Amino acid sequence: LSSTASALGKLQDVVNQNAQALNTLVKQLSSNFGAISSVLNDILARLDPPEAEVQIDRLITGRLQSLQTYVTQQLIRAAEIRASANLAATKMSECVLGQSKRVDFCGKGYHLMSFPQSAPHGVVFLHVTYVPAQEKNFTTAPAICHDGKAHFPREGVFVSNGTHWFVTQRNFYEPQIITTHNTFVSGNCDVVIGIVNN
Amino acid sequence: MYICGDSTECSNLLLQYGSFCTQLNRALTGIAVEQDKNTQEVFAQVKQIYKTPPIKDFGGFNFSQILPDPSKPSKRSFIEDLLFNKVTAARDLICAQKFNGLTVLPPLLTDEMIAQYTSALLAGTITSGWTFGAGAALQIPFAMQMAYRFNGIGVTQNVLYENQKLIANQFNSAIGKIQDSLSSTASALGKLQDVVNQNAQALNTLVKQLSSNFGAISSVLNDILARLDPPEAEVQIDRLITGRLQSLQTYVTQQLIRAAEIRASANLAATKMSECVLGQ
Amino acid sequence: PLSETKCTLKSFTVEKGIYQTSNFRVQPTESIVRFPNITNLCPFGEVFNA
Amino acid sequence: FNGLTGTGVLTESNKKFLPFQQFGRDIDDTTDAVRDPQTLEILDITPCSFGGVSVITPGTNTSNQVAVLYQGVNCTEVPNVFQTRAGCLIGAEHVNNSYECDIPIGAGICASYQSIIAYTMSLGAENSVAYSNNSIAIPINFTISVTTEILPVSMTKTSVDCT
Amino acid sequence: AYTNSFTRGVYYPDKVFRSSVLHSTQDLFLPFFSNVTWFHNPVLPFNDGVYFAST
Amino acid sequence: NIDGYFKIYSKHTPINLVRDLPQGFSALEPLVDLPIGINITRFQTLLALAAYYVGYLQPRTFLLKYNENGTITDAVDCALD
Ligand SMILES: *[C@@H]1O[C@H](CO)[C@@H](O[C@@H]2O[C@H](CO)[C@@H](O)[C@H](O)[C@H]2NC(C)=O)[C@H](O)[C@H]1NC(C)=O
Ligand SMILES: *[C@@H]1O[C@H](CO)[C@@H](O[C@@H]2O[C@H](CO)[C@@H](O)[C@H](O)[C@H]2NC(C)=O)[C@H](O)[C@H]1NC(C)=O
Ligand SMILES: *[C@@H]1O[C@H](CO)[C@@H](O[C@@H]2O[C@H](CO)[C@@H](O)[C@H](O)[C@H]2NC(C)=O)[C@H](O)[C@H]1NC(C)=O
Ligand SMILES: *[C@@H]1O[C@H](CO)[C@@H](O[C@@H]2O[C@H](CO)[C@@H](O)[C@H](O)[C@H]2NC(C)=O)[C@H](O)[C@H]1NC(C)=O
Ligand SMILES: *[C@@H]1O[C@H](CO)[C@@H](O[C@@H]2O[C@H](CO)[C@@H](O)[C@H](O)[C@H]2NC(C)=O)[C@H](O)[C@H]1NC(C)=O
Ligand SMILES: *[C@@H]1O[C@H](CO)[C@@H](O[C@@H]2O[C@H](CO)[C@@H](O)[C@H](O)[C@H]2NC(C)=O)[C@H](O)[C@H]1NC(C)=O
Ligand SMILES: *[C@@H]1O[C@H](CO)[C@@H](O[C@@H]2O[C@H](CO)[C@@H](O)[C@H](O)[C@H]2NC(C)=O)[C@H](O)[C@H]1NC(C)=O
Ligand SMILES: *[C@@H]1O[C@H](CO)[C@@H](O[C@@H]2O[C@H](CO)[C@@H](O)[C@H](O)[C@H]2NC(C)=O)[C@H](O)[C@H]1NC(C)=O
Ligand SMILES: *[C@@H]1O[C@H](CO)[C@@H](O[C@@H]2O[C@H](CO)[C@@H](O)[C@H](O)[C@H]2NC(C)=O)[C@H](O)[C@H]1NC(C)=O
Ligand SMILES: *[C@@H]1O[C@H](CO)[C@@H](O[C@@H]2O[C@H](CO)[C@@H](O)[C@H](O)[C@H]2NC(C)=O)[C@H](O)[C@H]1NC(C)=O
Ligand SMILES: *[C@@H]1O[C@H](CO)[C@@H](O)[C@H](O)[C@H]1NC(C)=O
Ligand SMILES: *[C@@H]1O[C@H](CO)[C@@H](O)[C@H](O)[C@H]1NC(C)=O
Ligand SMILES: *[C@@H]1O[C@H](CO)[C@@H](O)[C@H](O)[C@H]1NC(C)=O
Ligand SMILES: *[C@@H]1O[C@H](CO)[C@@H](O)[C@H](O)[C@H]1NC(C)=O
């Protein structure tokens with residue numbers, strides 16, 4: 001965060017858009033929209049009331065047009081930031097105060113706790129996520145049958161290291177001896193495709 | 001050019017009207033960049049472009065209806081072709097222009113890139129399951145992915161393996177039924193058809209507006225300049241400039257509103273992809 | 001073109017990106033007026049030559 | 001032509017006007033064809049090539065040289081050159097390699113510094129996971145990673161006195 | 001006498017050419033399915049424009 | 001009549017009916033225009049040796065259909081129903 005440039009590009013974009021809109025609004029104040037001059041004091045010092053009323057009228061209509069354009073665009077942008085703030089509130093409640101099961105809502109990988117940090121006109125989250133690595137691949141079987149009855153794992157998967165068969169949880173390789181304590185039975189092994197003996 | 005083309009007199013007369021011609025271009029450019037961001041956000045979620053194995057032992061399941069077709073030049077996945085044919089240009093030679101300064105920019109990602117992205121997502125989902133959406137893509141027999149997805153909703157694994165033969169048939173028949181339903185139903189793709197129709201309608205109303213009079217003596221810049229004297233022309237031309245510019249303001253505001261709702265739709269689509277495609 | 005980009009941005013430093021600039025037109029090289037054929041000339045002859 | 005005044009490039013076309021019709025019209029009500037009143041041959045009108053100009057720059061802090069893109073137009077009629085579905089590129093060298101999109105040109109082309117190269121952007125590194133109806137991959141180790149995402153929640157509260 | 005004009009009285013309002021396009025206009029016309037006088041002579045009125053046909 | 005211009009349109013068609021105007025579509029292509037600049041309020045027919053018809057026009061909006069060759073064969077009388 002310290003080194004990378006434009007790391008906070010979104011907050012910068014918000015500020016830049018707002019400042020640019022204001023700068024345009026003030027700049028439009030210099031344009032005369034066809035009037036004699038773009039300074040009301042100049043018109044009033046130069047022209048009599050009834051004639052000045054024409055120049056003043058044209059200048060007023062131009063400035064009013066520019067101002068209402070500015071406010072309309074500002075409302076559009078405010079709705080966009082309203083949606084962003086709703087998303088930020090939802091992420092705060094779901095990922096800071098809880099643990100989001102919905103995938104990739106808070107950072108890549110399986111989601112552990114998250115931490116909020118303040119920014120000038122926004123919030124910065126730090127999502128702590130669990131990411132696996134060092135993937136070893138094995139052979140698997142949907143079930144194994146023994147004494148003529150098919151066994152399935154209560155939780156985890158069957159894997160063989162080439163010669164011996166083990167039960168392991170899906171997200172982390174912890175082989176265990178297949179027992180009737182971590183498996184459950186359902187019927188005989190003819191309907192199950194790919195069953196193995198053990 | 002839209003407000004008044006090839007007219008130096010009107011160009012000058014508009015010059016002293018302010019910096020409007022910058023705000024409109026700025027807003028439209030923002031909208032275009034946002035469209036690029038929308039497509040990237042929805043589709044570009046995979047880091048590595050996976051590809052399906054040549055052999056198709058998916059436990060009896062049959063994804064040929066949704067997997068990319070090798071024989072097709074476009075490599076689109078059969079159903080994708082049905083979608084592209086149903087919906088109503090620079091198609092052959094670059095001609096996306098009109099007589100009045102309106103031009104259409106091409107998207108950053110061509111349809112081939114979108115198709116490759118969706119093919120990568122399909123291959124990842126079929127081979128690796130939901131793992132590729134979290135870390136390294138871990139392959140697993142698809143029958144076993146469906147076993148674990150059954151366990152997710154709350155039915156033991158055995159309910160699948162015993163019914164695997166029947167479940168595969170139900171899956172394949174349902175996919176074929178979707179193909180037929182999309183072919184037959186007329187208003188199926190109305191949501192995309194309506195956005196394309198709305199954009200075309202907006203552009204046409206914008207262009208047809210040029211022929212409007214707005215209270216001037218004529219609707220053509222050169223005509224007015226020809227038939228009247230410089231000052232009377234100026235006062236007449238001014239009326240055309242104001243009307244044209246107001247129409248352009250209305251068009252830009254409508255585009256901003258429509259782009260806001262399309263961005264909401266794209267965010268919802270990205271959430272659906274991330275949650276239901278890359279997970280359960 | 002870089003100087004023109006600086007002018008349109010109104011900055012002496014430009015960050016990495018793509019920026020737009022005023023458009024161009026293939027200018028017309030000549031005019032072409034194509035009224036129809038001249039026909040049925042007024043009979044000025046008799047008044048000037050009778 | 002008669003009173004019809006405009007600017008565009010002309011060409012004889014296949015359209016078949018009726019004997020009484022003088023000029024054609026488009027669906028959007030723009031002039032689209034004209035009949036020559038001398039030889040009565042049917043002409044077709046196309047607007048003179050126009051388009052926006054864009055400047056592709058790597059940033060002054062990097063190098064004071066750039067590449068220019070002429071949107072839409074054909075390089076043959078622009079008063080290193082590389083034609084693209086987005087427009088005509090000049091000053092950028094087209095390379096057959098592919099890379100992460102640095103800045104977007106359009107229609108799948110991107111440009112980046114190296115001397116400004118233009119390339120077809122790469123969607124990502126390809127790999128095929130060794131799928132089989134018999135084998136599964138399990139991770140024997142894990143890494144803890146911290147990701148940061150920034151969201152705006154508000155913006156400056158400005159009030160403008162209309163009067 | 002009288003007779004009904006079903007779908008006649010349509011005429012090209014201008015010298016323009018349009019292909020495959022559906023156009024709209026405001027102009028003087030004979031309304032569809034309108035009554036038309038059968039004649040074998042007298043001096044008719046002329047409102048602003050009239051329609052004529054003959055066998 | 002149009003503010004000084006006198007316009008005449010026409011068409012031909014052979015028919016089988018003998019009672020009155022047949023159905024079907026007929027679009028009148030124009031003949032040359034006359035810039036007379038004089039009013040009209042009456043008219044009458046010259047005859048020789050009986051089977052003719054007369055209608056009166058009315059301001060009205062329409063929808064006209066052009067085909068690929070620029071000919072008109074369809075219409076909607078916009079206040080008929
Ligand atoms: C995952 O399984 C694949 C497929 O067996 C392994 O890659 C193979 O490794 C053997 C080594 O004897 C080679 O002969 C094959 O050519 C490889 N095939 C492919 C498609 O790569 C891979 O090694 C396994 N994963 C790990 C981490 O070793
Ligand atoms: C698969 O795992 C089994 C069980 O650990 C391995 O067999 C054992 O290996 C250890 C270490 O060599 C010995 O001390 C044991 O006596 C072996 N037998 C048993 C019953 O534990 C087997 O070698 C592994 N196979 C592969 C290919 O790694
Ligand atoms: C995985 O697929 C392979 C190949 O389709 C299966 O191997 C076949 O198994 C049948 C069982 O009756 C044998 O008759 C064939 O000779 C085998 N073919 C080969 C090439 O070995 C395998 O059984 C499948 N395994 C699972 C668990 O579905
Ligand atoms: C796994 O065990 C089954 C069940 O024993 C074997 O299938 C048959 O079992 C019967 C009764 O035990 C035997 O009479 C047969 O000889 C077995 N084989 C066949 C082909 O019928 C099966 O062979 C064993 N091995 C495997 C790989 O499944
Ligand atoms: C997967 O399904 C498709 C159709 O949904 C099968 O393709 C059909 O195969 C039959 C038999 O060869 C042909 O008569 C049809 O013409 C094919 N249809 C199409 C649209 O190509 C395909 O064979 C199935 N694959 C498997 C492995 O069952
Ligand atoms: C730019 O123009 C050239 C020709 O001026 C296009 O190339 C082809 O040129 C031949 C000979 O003039 C034509 O018969 C072909 O029709 C042209 N191609 C096409 C697709 O029409 C070239 O294609 C143009 N640039 C682009 C991007 O289309
Ligand atoms: C009126 O008569 C004069 C003189 O006879 C005509 O002018 C000559 O016309 C002939 C034939 O076109 C030319 O060769 C001569 O060069 C003309 N001479 C001059 C002095 O004009 C004229 O054309 C006749 N008609 C009118 C309307 O003036
Ligand atoms: C307008 O005048 C030109 C020139 O006299 C006519 O062009 C000639 O037309 C005839 C056919 O009628 C051709 O045989 C000649 O070769 C043409 N010559 C030239 C120089 O164009 C043209 O037809 C006239 N058109 C009208 C509507 O009057
Ligand atoms: C799991 O990954 C961690 C992180 O790479 C491994 O920890 C490293 O182990 C090596 C060798 O002992 C040390 O030199 C490093 O300093 C360790 N890194 C850290 C951050 O402590 C760990 O050994 C891996 N475990 C397995 C079983 O592969
Ligand atoms: C429109 O006009 C074209 C020609 O201008 C007509 O096309 C002809 O159609 C006939 C009958 O099918 C063919 O024998 C001819 O070869 C076609 N070409 C020409 C040049 O005659 C067409 O029939 C007309 N009508 C429509 C509705 O297109
Ligand atoms: C300019 O580039 C140098 C070298 O990468 C970098 O250290 C410096 O921060 C950059 N300055 C700006 C203003 O980007
Ligand atoms: C790119 O490939 C084309 C052939 O498709 C070849 O003509 C050209 O020289 C190559 N250029 C580079 C830089 O690889
Ligand atoms: C006009 O025609 C309609 C339809 O045949 C008929 O009902 C009506 O009496 C007619 N009226 C006149 C005045 O011709
Ligand atoms: C038509 O009659 C009006 C009076 O009703 C008259 O003012 C006008 O000049 C006449 N116009 C023509 C063309 O006869």
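Refer to the structure printed above.
Conventions we followed
Residues numbered from 1 in each chain as written, not as in the entry; some residues may be left out. Chains lettered and ligands numbered in written order. Part of a larger assembly, values for the part shown. Heavy atoms only, no water. Helix = DSSP H or I, 4+ residues; strand = E, 2+ residues; numbered from the N terminus. Rg over C-alpha atoms; globule rule 2.2 N^0.38 Å. Buried < 20%, exposed > 50% of the residue type's maximum accessible area, 1.4 Å probe, protein only. Axes fitted to C-alpha atoms, helices over the stretch in contact; angles between N-to-C directions. Parallel < 35°, antiparallel > 145°, perpendicular 65-115°, else oblique. Left-handed = near helix turned anticlockwise from the far one by under 90°. Nonpolar A, V, L, I, M, F, W, Y, C, P; charged D, E, K, R; others polar. Contact = heavy atoms within 4.5 Å. 1 Å grid on protein atoms, 1.4 Å probe; cavity = no way out; pocket = protein on both sides within 12 Å on 5 of 7 lines; lining within 4 Å. Points joined across faces, edges and corners; volume = space filled by probe spheres on them.

Draft legend 1. Focus on the overall build of chain E. A tally of helices and strands in chain E yields 0 helices and 7 strands. Here the C-alpha radius of gyration of chain E, 14 Å, is well above what a compact globule of 55 residues would show, namely 10 Å. With the principal axes as the frame, chain E shows a C-alpha extent of 40 × 20 × 20 Å. Per-residue burial over chain E gives 53% buried out of 55 residues.

Draft legend 2. Representation of the packing of helix 2 (residues 20-43) of chain B against helix 9 (residues 230-277) of chain B in the model. All names here are of chain B. Where helix 2 contacts helix 9, the two axes come as close as 10 Å, and the packing angle between them is 15°. Here helix 9 runs roughly parallel to helix 2, going by the angle between their axes. Where helix 2 crosses over helix 9, the handedness of that crossing is left-handed. Of the residues in the contact of helix 2 with helix 9, the class split is 18 nonpolar, 4 polar and 3 charged.

Draft legend 3. Seen up close, the packing of helix 1 (residues 9-28) of chain A against helix 3 (residues 49-96) of chain A. Residues and elements named next belong to chain A. Relative to each other, helix 1 and helix 3 sit at 170°, their axes nearing to 10 Å. By the angle between their directions, the pair helix 1 and helix 3 is classed as roughly antiparallel. Facing helix 1, whose interface residues are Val-14, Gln-17, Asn-18, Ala-21, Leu-22, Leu-25 and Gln-28, helix 3 presents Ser-66, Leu-67, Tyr-70, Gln-74, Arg-77 and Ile-81.

Draft legend 4. Local environment of the layout of surface pockets. Volume-wise, the second largest pocket comes out at about 1600 Å³. Lining of the second largest pocket is provided by 49 residues; of these, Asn-222 of chain B together with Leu-4, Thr-5, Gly-6 and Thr-7 of chain D occupy positions nearest its centre. Of the residues belonging to the lining of the second largest pocket, the class tally is 23 nonpolar, 16 polar and 10 charged.

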